[PDB]
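Q: sequence below, structure please.
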Amino acid sequence: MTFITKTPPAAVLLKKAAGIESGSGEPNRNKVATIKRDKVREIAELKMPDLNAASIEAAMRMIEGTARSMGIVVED
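A: Numbers count the residues shown, from 1 in each chain. Please find the structure below.
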């Protein structure tokens, strides 16, 4: 738990960005939002300067499979 610096994690930031306000709120293995790499692109850019990603496609790579663990799909 840290609320001082460093953007949020992929899933969380994903739920906020691609997860809209909260079409789910208590999701699990379903889908509530779908975006192309354009969103997971900018999204990873925010958590880029703080995430252990390895590059743009690399951040979205983990950020993508990450969104699937919540309720947001991603199209390459």
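Q: mind listing what's buried in the lengthiest helix in the chain?
A: In the chain, with assignment by DSSP state H, the single longest helix is helix 56-68. Buried residues in helix 56-68, counted by 16 or more other Cβ atoms under 10 Å: 59-64, 66-67. Where C-beta positions appear, they are placed from N, C-alpha and C, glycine not excepted.
Q: once you drop chain neighbours, what's closest to the residue sitting nearest the centre point of the chain?
A: When Cα atoms, centre = their mean is applied to the chain, the residue found nearest the centroid is residue 14 (2.9 Å). Distances taken as Cβ to Cβ, 6 or more residues apart in numbering place residue 67 nearest to residue 14, at 4.3 Å, with adjacent residues excluded.
Q: contact partners for that neighbour?
A: Residue 67 makes contact with 10-11, 14, 18, 33, 40, 73-74 under the criterion Cβ atoms under 8 Å, 6 or more residues apart in numbering.
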